[PDB]
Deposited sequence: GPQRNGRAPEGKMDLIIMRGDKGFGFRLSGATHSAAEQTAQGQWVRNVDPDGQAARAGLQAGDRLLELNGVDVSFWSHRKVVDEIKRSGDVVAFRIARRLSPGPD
């Protein structure tokens, strides 16, 4: 499996960013399990399977699921992700 990295910027919607994060409760890191096709993440091009590498220019690949989620919720109206994406698929 070869992957490529990409940077993403997502404005918060009124129900959030619009995706379900999933992964290590306590590297490799959390990952995007599904994304609201009408939500803000889909609009910025987050896709299922995207694996979270950086949150607001901070390496977050080795964190707990809740520290990542909490900081995502605390990011305010905008968030930035760097992610790793399967390339062959």
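Asker: What portions of the deposited sequence, indexed from 1, have no corresponding C-alpha atom in the structure?
Answerer: According to the record, the gaps fall at 1-7, 34-39, 103-105.
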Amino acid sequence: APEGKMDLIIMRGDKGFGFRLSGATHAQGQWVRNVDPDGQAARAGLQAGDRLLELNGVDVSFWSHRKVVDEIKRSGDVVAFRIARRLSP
From here on, numbers count along this sequence of modelled residues.
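Asker: Using only the Cα atoms and their B-factors as the entry lists them, report which of 64-72 and 77-85 averages higher.
Answerer: Between 77-85 and 64-72, it is 64-72 that shows the higher mean C-alpha B-factor.
Asker: Check the entry's C-alpha temperature factors for 30-38 and 52-60, then say which stretch has the higher mean.
Answerer: The stretch with the larger mean CA B-factor is 30-38.
Asker: Comparing against every modelled residue in the chain, figure out the third that the C-alpha B-factor of residue 10 lands in (lowest, middle or highest).
Answerer: Tercile = lowest for this residue's CA B-factor.
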